[PDB]
Amino acid sequence: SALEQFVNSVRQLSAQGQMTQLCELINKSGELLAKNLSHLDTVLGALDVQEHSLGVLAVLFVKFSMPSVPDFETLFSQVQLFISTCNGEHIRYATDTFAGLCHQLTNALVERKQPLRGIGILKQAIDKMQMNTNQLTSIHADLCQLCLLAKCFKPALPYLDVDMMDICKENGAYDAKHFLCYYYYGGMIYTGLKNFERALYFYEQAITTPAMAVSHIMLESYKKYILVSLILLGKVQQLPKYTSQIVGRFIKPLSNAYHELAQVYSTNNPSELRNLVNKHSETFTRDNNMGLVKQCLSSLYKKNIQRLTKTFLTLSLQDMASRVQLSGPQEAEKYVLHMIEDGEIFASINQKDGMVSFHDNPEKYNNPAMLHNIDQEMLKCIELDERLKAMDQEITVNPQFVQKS
Amino acid sequence: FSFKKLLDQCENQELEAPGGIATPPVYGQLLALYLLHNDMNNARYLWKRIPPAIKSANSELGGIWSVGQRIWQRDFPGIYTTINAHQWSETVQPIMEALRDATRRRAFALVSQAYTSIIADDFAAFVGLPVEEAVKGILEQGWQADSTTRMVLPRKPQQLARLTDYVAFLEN
């Protein structure tokens with residue numbers, strides 16, 4: 001009789017319909033929960049994980065808040081079951097603790113050897129935390145990091161293909177570190193997938209974050225921003241005007257090997273570029289971005305070949321190899337053939353005369369497929385306009401607004 | 001059409017595991033499926049994802065990565081060479097046969113588009129067929145071949161509802 005009474009004290013908060021006092025009880029019962037040590041039967045026997053999601057969240061967070069946990073196999077299993085069977089609606093009342101619990105699980109999995117088991121856990125955690133898929137939470141950074149350390153880049157793609165709109169404050173627990181990590185790890189995920197169009201976009205967002213103190217994440221994102229812009233484009237893309245002045249006064253001096261690499265890239269001379277790579281080999285390998293710099297060397301050859309199309313209709317393989325410094329007609333034939341396969345160039349190879357002919361006829365903009373492409377872009381602009389109009393309608397109905405206007 | 005579900009089911013099996021490590025047989029299926037669709041970026045990261053203990057114990061994973069390594073460097077003769085060099089298990093045999101045939105269409109499209117005249121010796125290596133066979137194959141598709149030079153010359157042979165949506169958006 002008395003045992004069931006202790007459970008019944010939870011029922012009064014649910015019956016009243018006011019969830020505000022339930023949240024306050026969780027934050028004001030930390031000391032009582034910390035000195036229990038008997039949460040084994042509290043998670044399941046004492047409370048139900050289905051509807052008492054707030055109660056089970058607090059005890060699991062307390063268990064993960066104790067360094068040197070005696071057992072991890074049961075702790076991980078309980079977290080997996082709780083997140084899989086979360087109610088979702090009431091979880092958003094304790095956003096600061098739900099995100100903190102995911103952070104604790106991510107650090108534990110990353111620490112030893114296994115940043116792969118939690119990929120599916122954080123996928124459902126985001127879905128039951130964000131108001132809509134077009135929103136950014138702190139678990140997005142953790143999911144990208146798990147997908148990064150395990151080299152499983154595909155599960156994170158659905159969470160990186162959506163442009164984030166509004167950021168979850170998670171009761172003030174969201175800081176700039178979570179914002180920088182999402183747009184830095186996510187940019188590196190796209191780099192490994194050879195998606196340099198969106199990788200450059202992600203790095204740019206991290207740099208443009210307002211700041212007054214030097215951040216390591218913003219420093220590395222600046223270094224990789226130069227390399228990606230040197231691969232996708234022929235030059236370093238100019239940063240937006242609203243970039244913080246610290247980036248151009250502290251971060252830029254600390255990234256000097258990458259700036260001179262861009263200058264040599266502008267001379268369109270591969271042999272000089274390889275000399276600077278060897279000279280600054282220790283710097284690039286220390287920053288762990290070895291391979292991105294080597295991709296700049298290969299992209300310089302492609303850039304030089306693409307310049308030949310702006311001047312020639314037919315060029316001999318030997319003559320082309322002397323202008324792009326490929327040292328051999330056989331090497332030029334392979335380089336050109338790969339570009340045609342990838343679609344980077346419009347050319348054909350004639351082995352009868354040993355000549356390469358550039359056919360600059362991309363599209364006549366007459367086929368019905370061009371109409372389909374136009375309406376796909378038009379729909380994107382329409383959806384963009386709908387969101388823009390809706391968000392200013394939220395401003396008009398704001399009580400804080402029209403008072404100052 | 002059946003290749004769509006097979007790739008997805010192997011990816012999901014790797015995501016959730018009883019102990020975080022997947023079975024050796026499903027690792028080869030995922031690697032072969034990545035090569036079939038020419039998705040080399042995920043195949044390369046899958047190789048590093050395989051634990052060293054599993055890779056050393058099972059020699060099949062080493063062999064399947066050899067075929068993928070040839071595709072990564074676009075070494076067309078090596079794609080057919082390594083595929084037939086080793087014998088694969090029965091669960092990945094049919095998809096690897098489809099990989100070899102898929103490489104054949106890739107070579108045919110590459111030559112038909114990137115070449116106006118290719119010598120017969122190099123053309124045979126691309127398709128993976130013997131030199132005499134490649135001579136007979138082209139005329140069946142209409143491609144011209146010339147004697148005394150051994151050179152092949154390939155050549156490639158609701159609007160109303162949408163429109164009113166545009167106006168309604170512009171007129172509000």
# chains A, B, ... in the order shown; residues from 1 in each chain; ligands from 1

$ closest_atom_pairs --of "chain B" --to "chain A" --cutoff "6 Å" --atoms "only C-alpha atoms" --output "Markdown table"
| residue | atom | partner | partner_atom | distance |
| --- | --- | --- | --- | --- |
| B:20 | CA | A:117 | CA | 5.5 |
| B:41 | CA | A:193 | CA | 5.7 |
| B:45 | CA | A:151 | CA | 5.7 |
| B:114 | CA | A:348 | CA | 4.7 |
| B:115 | CA | A:349 | CA | 4.8 |
| B:116 | CA | A:350 | CA | 5.3 |
| B:117 | CA | A:350 | CA | 5.0 |
| B:118 | CA | A:351 | CA | 5.5 |

$ residues_around --residues "residue 120 (chain B)" --least-positions-apart "3" --cutoff "7 Å" --atoms "only C-alpha atoms" --output "MDAnalysis selection string"
chainID B and resid 123:124 131 150:152

$ closest_residue --among "B:101, B:109, B:43, B:127" --to "residue 77 (chain B)" --atoms "only C-alpha atoms"
B:127

$ closest_residue --among "A:218, A:189, A:207, A:66" --to "residue 33 (chain A)" --atoms "only C-alpha atoms"
A:66

$ residues_around --residues "region 94-108 of chain A" --least-positions-apart "3" --cutoff "7 Å" --atoms "only C-alpha atoms" --output "short mmCIF file (atom, residue, chain, number, x, y, z; two decimals) with C-alpha atoms, in the first residue's frame"
data_model
loop_
_atom_site.label_atom_id
_atom_site.label_comp_id
_atom_site.auth_asym_id
_atom_site.auth_seq_id
_atom_site.Cartn_x
_atom_site.Cartn_y
_atom_site.Cartn_z
CA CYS A 23 10.28 20.53 -14.69
CA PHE A 61 21.29 11.81 -17.10
CA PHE A 64 25.90 9.43 -17.16
CA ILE A 91 10.82 15.81 -24.05
CA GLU A 111 36.27 8.01 -26.08
CA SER A 138 23.02 20.62 -30.50
CA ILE A 139 22.65 16.92 -31.37
CA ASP A 142 27.19 15.13 -32.23
CA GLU A 170 17.65 24.31 -25.35
CA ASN A 171 17.01 26.45 -22.26
CA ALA A 173 22.44 25.47 -23.14
#

$ residues_around --residues "residue 37 (chain A)" --least-positions-apart "6" --cutoff "12 Å" --atoms "only C-alpha atoms" --output "MDAnalysis selection string"
chainID A and resid 31 43 59:60 62:63 66 69:70

$ residues_around --residues "residue 141 (chain B)" --least-positions-apart "2" --cutoff "12 Å" --atoms "only C-alpha atoms" --output "list in words"
residues 108, 112, 134, 135, 136, 137, 138, 139, 143, 144, 145, 153, 154, 155, 156 and 157 of chain B

$ closest_residue --among "A:51, A:109, A:191, A:186" --to "residue 85 (chain A)" --atoms "only C-alpha atoms"
A:51

$ select_by_dssp --residues "region 1-162 of chain B" --states "strand (DSSP E)" --output "PyMOL selection string"
chain B and resi 115-119+144-146+151-153

$ closest_residue --among "A:40, A:342, A:160, A:263" --to "residue 71 (chain A)" --atoms "only C-alpha atoms"
A:40

$ select_by_dssp --residues "region 178-327 of chain A" --states "alpha helix (DSSP H)" --output "JSON, numbers by chain"
{"A": [178, 179, 180, 181, 182, 183, 184, 185, 186, 187, 188, 189, 190, 191, 192, 196, 197, 198, 199, 200, 201, 202, 203, 204, 205, 206, 207, 216, 217, 218, 219, 220, 221, 222, 223, 224, 225, 226, 227, 228, 229, 230, 231, 232, 252, 253, 254, 257, 258, 259, 260, 261, 262, 263, 264, 265, 266, 270, 271, 272, 273, 274, 275, 276, 277, 278, 279, 281, 282, 283, 284, 285, 286, 292, 293, 294, 295, 296, 297, 298, 299, 300, 301, 302, 303, 304, 305, 306, 307, 308, 317, 318, 319, 320, 321, 322, 323]}

$ closest_residue --among "A:29, A:215, A:243, A:229" --to "residue 197 (chain A)" --atoms "only C-alpha atoms"
A:229

$ closest_residue --among "A:324, A:147, A:308, A:47" --to "residue 11 (chain A)" --atoms "only C-alpha atoms"
A:47

$ atom_distance --atom1 "CA of residue 100 (chain B)" --atom2 "CA of residue 80 (chain B)"
6.7 Å

$ residues_around --residues "residue 35 (chain B)" --least-positions-apart "4" --cutoff "9 Å" --atoms "only C-alpha atoms" --output "MDAnalysis selection string"
chainID B and resid 30:31 39:40 43 67:68 71 96 99

$ residues_around --residues "residue 210 (chain A)" --least-positions-apart "6" --cutoff "12 Å" --atoms "only C-alpha atoms" --output "PyMOL selection string"
chain A and resi 175-177+179-180+218+241-247
